[PDB]
């Protein structure tokens, strides 16, 4: 349960240790993922002092036949297996249509190298969801020790419309406008051969483990209390469903999840997701990540 610092990324460090993925959105969102040079020129990525900002374009009214709203998807150059990743996050994207995520996967063999969604939601709908998406023969037990609430317990992407096996965080301030009003917080994910765990601690938590909040070079997860989400190996060989994964942080719009009319309008958002995203640039001023650091331990 003891790990030691492997990477400590702050501010401009992200520009040399991650790349921007200028790809068509795998989730079919109303987005134009720009490359690193484009992001920096357009100030969609800003990386200086103790701050990384990743944001959507909030000035352009989109041509409906042209590409989607400019945004970014950054990916660590390094990959990881058994490790702990800690994200010190001051702000996450908000706004109707938004679908931000901080997560890990192996894109090159998806879903067979696994996927763990650490921070994720849509359309400002708290709470946070933590979810695995895998190949066949990977499920979760109905009862296991965690503070969050399991929804779906089958992780296999070819089941249930690829909901994955998810857990909802117990507090509103785990996600969205609630999280942002509270100044964010910390997300930590420990992955071993035997399990994946995620902890969320709000910015104002009186009980955030010092390991998580201060980022010393040595940590011990035994001292961290019960995880928010727990994915044991009872009904899933975790180690055989996950391989070496990159860390990804992104913001898309609409698409497979956020763009479903029932979900978008269910969230109180007007009209169609694509129309809204095209025509309301100012509504995306607060569609930004503000990240203080990301640390990895091995």
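Numbering follows the first chain given and starts at 1.
- Of the two stretches examined, 147 to 155 and 98 to 106, the record assigns the greater average C-alpha temperature factor to 147 to 155.
- Higher mean CA temperature factor, per the PDB entry, when comparing 228 to 236 with 61 to 69: 61 to 69.
- Per the PDB entry, 222 shows the highest C-alpha temperature factor of the residues 117, 222, 190, 88.
- Taking the deposited Cα B-factors for 32, 246, 250, 260, the highest one is held by 260.
- Annotation for residue 168: CA B-factor lies in the middle third of the chain's modelled residues.
- Placement of the Cα temperature factor of residue 125 within the chain: highest third of the modelled residues, per the deposited record.
- Per the deposited record, the Cα B-factor of residue 55 falls in the lowest third when ranked against the other modelled residues of its chain.
- Looking at the C-alpha B-factors along this chain, the one for residue 202 belongs to the middle third.
- Among the modelled residues of its chain, residue 139 has a C-alpha B-factor that falls in the middle third, as given in the PDB entry.
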